[PDB]
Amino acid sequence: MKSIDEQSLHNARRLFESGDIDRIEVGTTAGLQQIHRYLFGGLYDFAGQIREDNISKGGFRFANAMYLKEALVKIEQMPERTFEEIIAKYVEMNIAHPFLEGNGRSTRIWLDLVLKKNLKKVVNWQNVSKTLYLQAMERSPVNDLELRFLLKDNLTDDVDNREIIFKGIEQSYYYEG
């Protein structure tokens, strides 16, 4: 019935406006799980839980549930020093796609926290087109060029600006709905 979407959008806003965003562990699996549990707790059965089922989209099969926990252990260890390293890490985290649903919205928040910690920048998502973003994400396992081009064009160092945060959350929620 998906007023689940309306409620989780309210949770995403509450995340920033309470300052709880500042309590989330950055660039780790556990931190991703914190985000997901915050956005979807009480809405999805599985909120914050690593899936035990397999999933694909388009022609892509995400990491097999049978070794997804082992994958995530390696992924969270990845360096975050450069824009390229951070995008490579986001890309592997997306290939893992650790939840049944809500991977995209939770992992974008997770990405911005990593960019903010390490580069003092976040993506100005409001200027990132849905078509170009989805195309880039779908290509990224083979070549993250499209994704690096697109996101690098759209970084901002105004990391706490209300308009960037809230128009960004709206755009993020639009990407998958």
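Residue numbers run from 1 along the displayed sequence.
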Task: For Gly58, the third of its chain into which the C-alpha B factor falls - done: highest
Open item on the list: Test of reading the entry: by CA B factor among the chain's modelled residues, which third contains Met78?
Closed with: highest
Open item on the list: Using the temperature factors of the C-alpha atoms in this entry, rank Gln33 within its chain: lowest, middle or highest third.
Closed with: middle
Task: Chain thirds of CA B-factor: placement of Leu119 - done: middle
Open item on the list: For the chain shown, is the CA B-factor of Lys152 in the lowest, middle or highest third of its modelled residues?
Closed with: highest
